[PDB]
Amino acid sequence: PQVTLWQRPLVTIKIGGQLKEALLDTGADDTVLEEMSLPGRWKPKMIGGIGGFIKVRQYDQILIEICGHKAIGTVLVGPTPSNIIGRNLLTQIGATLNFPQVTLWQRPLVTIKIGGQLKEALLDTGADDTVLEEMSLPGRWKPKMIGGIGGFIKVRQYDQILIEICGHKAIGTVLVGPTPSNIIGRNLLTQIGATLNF
């Protein structure tokens, strides 16, 4: 399966003898699922994301079946707004990110050039939007709130912004705000021709 990124990369999973839909999320170190019934022992754990932090119940050694592919690993359960399949499982279903062909054993970091400034940023199939750390950007903008794992953040919305991402130019909407990582979302990932493969 090759996915383009014009639509959210959703798959069907079977986990805990139940069926679910989840987002293939190159942006996430971990797999996180909305509250659900799992058999066994867990440990308390916190994770951060855009918006802040959530207490999750961590289960290890959980069998999960994603688009016909079996995998065993760690599944976090908690108040995530979306079911997220993280890199811990993407690497197990042989998933790659082509735009170069990037495997997902490490965070898919790239260099960008935006507003005459060099930054690193994360190729994130889980983000409908591009959102960056505080930086000096030219021009006019609008207030916006975006959602994430830990609630909401206030961001500044700049449109028709040029970004070069690993040598490919692209033009569109960049959000600036208190994001823990620089994030390249599907608005721009579609422009440099990114696909997901498993």
# chains A, B, ... in the order shown; residues from 1 in each chain; ligands from 1
>>> residues_around(residues="residue 70 (chain A)", least_positions_apart="5", cutoff="12 Å", atoms="only C-alpha atoms", output="list in words")
residues 13, 14, 15, 62, 63, 64, 65, 89, 90, 91, 92, 93 and 94 of chain A
>>> select_by_dssp(residues="region 17-128 of chain A", states="strand (DSSP E)", output="PyMOL selection string")
chain A and resi 18-24+31-33+43-49+52-66+69-77+84-85+96-98+101-102+109-114+117-123
>>> closest_atom_pairs(of="region 41-77 of chain A", to="region 173-178 of chain A", cutoff="12 Å", atoms="only C-alpha atoms", output="tab-separated table")
residue	atom	partner	partner_atom	distance
A:49	CA	A:178	CA	10.7
A:50	CA	A:178	CA	7.9
A:51	CA	A:178	CA	8.1
A:52	CA	A:178	CA	9.9
>>> closest_residue(among="A:5, A:58, A:83, A:193", to="residue 19 (chain A)", atoms="only C-alpha atoms")
A:83
>>> residues_around(residues="residue 103 (chain A)", least_positions_apart="4", cutoff="10 Å", atoms="only C-alpha atoms", output="list in words")
residues 26, 87, 90, 91, 94, 95, 96, 97, 98, 107, 108 and 197 of chain A
>>> write_last_selection(atoms="N, CA, C and O atoms", output="mmCIF file, in the first residue's frame")
data_model
loop_
_atom_site.group_PDB
_atom_site.id
_atom_site.type_symbol
_atom_site.label_atom_id
_atom_site.label_comp_id
_atom_site.auth_asym_id
_atom_site.auth_seq_id
_atom_site.Cartn_x
_atom_site.Cartn_y
_atom_site.Cartn_z
ATOM 1 N N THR A 26 3.849 9.540 11.359
ATOM 2 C CA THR A 26 5.323 9.555 11.332
ATOM 3 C C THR A 26 5.849 10.549 12.343
ATOM 4 O O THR A 26 7.020 10.509 12.734
ATOM 5 N N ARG A 87 5.728 5.588 15.506
ATOM 6 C CA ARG A 87 6.886 4.963 14.839
ATOM 7 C C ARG A 87 7.293 3.614 15.443
ATOM 8 O O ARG A 87 7.822 2.756 14.733
ATOM 9 N N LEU A 90 5.206 1.587 13.248
ATOM 10 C CA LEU A 90 5.374 1.815 11.806
ATOM 11 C C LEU A 90 6.556 1.029 11.301
ATOM 12 O O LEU A 90 6.475 0.376 10.263
ATOM 13 N N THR A 91 7.636 1.037 12.074
ATOM 14 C CA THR A 91 8.846 0.290 11.718
ATOM 15 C C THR A 91 8.633 -1.219 11.620
ATOM 16 O O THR A 91 9.414 -1.905 10.950
ATOM 17 N N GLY A 94 6.945 -2.321 8.221
ATOM 18 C CA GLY A 94 7.806 -1.946 7.111
ATOM 19 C C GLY A 94 7.494 -0.605 6.486
ATOM 20 O O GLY A 94 7.835 -0.360 5.329
ATOM 21 N N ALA A 95 6.896 0.292 7.253
ATOM 22 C CA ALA A 95 6.446 1.547 6.670
ATOM 23 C C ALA A 95 7.568 2.567 6.357
ATOM 24 O O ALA A 95 8.479 2.793 7.172
ATOM 25 N N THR A 96 7.521 3.147 5.147
ATOM 26 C CA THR A 96 8.503 4.175 4.719
ATOM 27 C C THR A 96 7.879 5.460 4.205
ATOM 28 O O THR A 96 6.733 5.517 3.766
ATOM 29 N N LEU A 97 8.675 6.500 4.252
ATOM 30 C CA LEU A 97 8.227 7.778 3.846
ATOM 31 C C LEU A 97 9.099 8.202 2.670
ATOM 32 O O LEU A 97 10.296 8.403 2.824
ATOM 33 N N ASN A 98 8.488 8.276 1.490
ATOM 34 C CA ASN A 98 9.141 8.686 0.252
ATOM 35 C C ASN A 98 8.638 10.077 -0.157
ATOM 36 O O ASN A 98 7.460 10.352 -0.033
ATOM 37 N N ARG A 107 13.341 9.508 14.083
ATOM 38 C CA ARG A 107 12.518 10.653 13.696
ATOM 39 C C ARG A 107 12.888 11.184 12.303
ATOM 40 O O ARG A 107 14.071 11.446 12.029
ATOM 41 N N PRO A 108 11.886 11.311 11.404
ATOM 42 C CA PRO A 108 12.191 11.774 10.041
ATOM 43 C C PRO A 108 12.379 13.287 10.011
ATOM 44 O O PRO A 108 11.475 14.017 9.683
ATOM 45 N N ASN A 197 4.487 4.283 2.628
ATOM 46 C CA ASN A 197 4.521 2.934 2.037
ATOM 47 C C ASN A 197 4.611 1.849 3.085
ATOM 48 O O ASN A 197 5.493 1.917 3.902
#
>>> residues_around(residues="residue 182 (chain A)", least_positions_apart="2", cutoff="12 Å", atoms="only C-alpha atoms", output="tab-separated table (two decimals) with C-alpha atoms, in the first residue's frame")
chain	number	residue	atom	x	y	z
A	27	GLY	CA	5.37	12.50	13.72
A	49	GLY	CA	2.37	16.73	22.66
A	50	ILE	CA	1.14	19.95	21.18
A	107	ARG	CA	12.52	10.65	13.70
A	108	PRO	CA	12.19	11.77	10.04
A	109	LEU	CA	13.99	15.11	10.43
A	110	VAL	CA	14.72	17.42	7.53
A	111	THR	CA	16.19	20.82	7.04
A	112	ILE	CA	13.93	23.64	5.93
A	114	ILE	CA	11.86	29.58	5.68
A	118	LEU	CA	17.48	27.45	8.44
A	119	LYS	CA	15.57	25.11	10.74
A	120	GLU	CA	15.09	21.40	11.34
A	121	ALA	CA	11.59	20.00	11.22
A	122	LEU	CA	9.71	16.74	11.46
A	123	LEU	CA	7.98	15.06	8.54
A	124	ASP	CA	4.62	14.41	10.20
A	127	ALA	CA	-0.47	16.77	11.20
A	129	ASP	CA	-1.00	21.54	9.48
A	130	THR	CA	2.56	22.93	9.49
A	131	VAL	CA	3.48	24.45	12.86
A	132	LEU	CA	6.79	25.85	14.00
A	133	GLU	CA	8.59	27.16	17.06
A	134	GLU	CA	8.64	30.91	17.63
A	135	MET	CA	10.57	32.68	14.90
A	174	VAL	CA	2.66	28.15	8.35
A	175	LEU	CA	1.55	28.35	11.98
A	176	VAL	CA	3.90	29.81	14.63
A	177	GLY	CA	3.51	29.05	18.29
A	178	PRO	CA	4.43	27.12	21.43
A	179	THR	CA	4.84	23.74	19.68
A	180	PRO	CA	7.43	21.33	21.29
A	184	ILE	CA	5.64	19.72	8.61
A	185	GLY	CA	2.08	18.70	8.02
>>> closest_residue(among="A:161, A:188, A:145, A:85", to="residue 126 (chain A)", atoms="only C-alpha atoms")
A:85
>>> closest_residue(among="A:61, A:20, A:66, A:113", to="residue 1 (chain A)", atoms="only C-alpha atoms")
A:66
>>> atom_distance(atom1="CA of residue 44 (chain A)", atom2="CA of residue 72 (chain A)")
19.6 Å
>>> atom_distance(atom1="CA of residue 172 (chain A)", atom2="CA of residue 139 (chain A)")
13.3 Å
>>> atom_distance(atom1="CA of residue 158 (chain A)", atom2="CA of residue 189 (chain A)")
17.1 Å
>>> decode(residues="region 71-82 of chain A", atoms="N, CA, C and O atoms", output="mmCIF file, in the first residue's frame")
data_model
loop_
_atom_site.group_PDB
_atom_site.id
_atom_site.type_symbol
_atom_site.label_atom_id
_atom_site.label_comp_id
_atom_site.auth_asym_id
_atom_site.auth_seq_id
_atom_site.Cartn_x
_atom_site.Cartn_y
_atom_site.Cartn_z
ATOM 1 N N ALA A 71 1.838 -7.062 14.493
ATOM 2 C CA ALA A 71 2.927 -6.506 15.261
ATOM 3 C C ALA A 71 2.648 -6.638 16.788
ATOM 4 O O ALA A 71 1.495 -6.643 17.219
ATOM 5 N N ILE A 72 3.703 -6.790 17.584
ATOM 6 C CA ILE A 72 3.598 -6.771 19.048
ATOM 7 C C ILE A 72 4.446 -5.604 19.545
ATOM 8 O O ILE A 72 5.557 -5.351 19.058
ATOM 9 N N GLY A 73 3.914 -4.874 20.507
ATOM 10 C CA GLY A 73 4.651 -3.776 21.077
ATOM 11 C C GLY A 73 3.901 -3.044 22.169
ATOM 12 O O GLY A 73 3.023 -3.583 22.827
ATOM 13 N N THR A 74 4.283 -1.790 22.346
ATOM 14 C CA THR A 74 3.737 -0.959 23.398
ATOM 15 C C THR A 74 2.633 -0.046 22.845
ATOM 16 O O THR A 74 2.813 0.659 21.848
ATOM 17 N N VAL A 75 1.487 -0.106 23.522
ATOM 18 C CA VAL A 75 0.320 0.716 23.228
ATOM 19 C C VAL A 75 -0.037 1.565 24.446
ATOM 20 O O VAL A 75 -0.267 1.027 25.542
ATOM 21 N N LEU A 76 -0.071 2.878 24.244
ATOM 22 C CA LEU A 76 -0.505 3.816 25.272
ATOM 23 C C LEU A 76 -2.003 4.106 25.161
ATOM 24 O O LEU A 76 -2.474 4.413 24.095
ATOM 25 N N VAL A 77 -2.746 4.001 26.259
ATOM 26 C CA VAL A 77 -4.195 4.298 26.253
ATOM 27 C C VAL A 77 -4.567 5.506 27.145
ATOM 28 O O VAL A 77 -4.244 5.603 28.354
ATOM 29 N N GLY A 78 -5.241 6.459 26.534
ATOM 30 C CA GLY A 78 -5.626 7.625 27.279
ATOM 31 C C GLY A 78 -6.443 8.594 26.462
ATOM 32 O O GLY A 78 -7.033 8.191 25.443
ATOM 33 N N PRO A 79 -6.466 9.883 26.908
ATOM 34 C CA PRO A 79 -7.352 10.900 26.382
ATOM 35 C C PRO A 79 -6.828 11.587 25.137
ATOM 36 O O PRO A 79 -7.025 12.786 24.958
ATOM 37 N N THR A 80 -6.196 10.819 24.259
ATOM 38 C CA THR A 80 -5.793 11.335 22.959
ATOM 39 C C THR A 80 -7.073 11.656 22.163
ATOM 40 O O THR A 80 -8.076 10.939 22.265
ATOM 41 N N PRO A 81 -7.063 12.767 21.415
ATOM 42 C CA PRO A 81 -8.196 13.067 20.523
ATOM 43 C C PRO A 81 -8.298 12.118 19.292
ATOM 44 O O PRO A 81 -9.398 11.876 18.789
ATOM 45 N N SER A 82 -7.166 11.592 18.828
ATOM 46 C CA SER A 82 -7.148 10.660 17.708
ATOM 47 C C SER A 82 -6.339 9.431 18.066
ATOM 48 O O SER A 82 -5.393 9.477 18.869
#
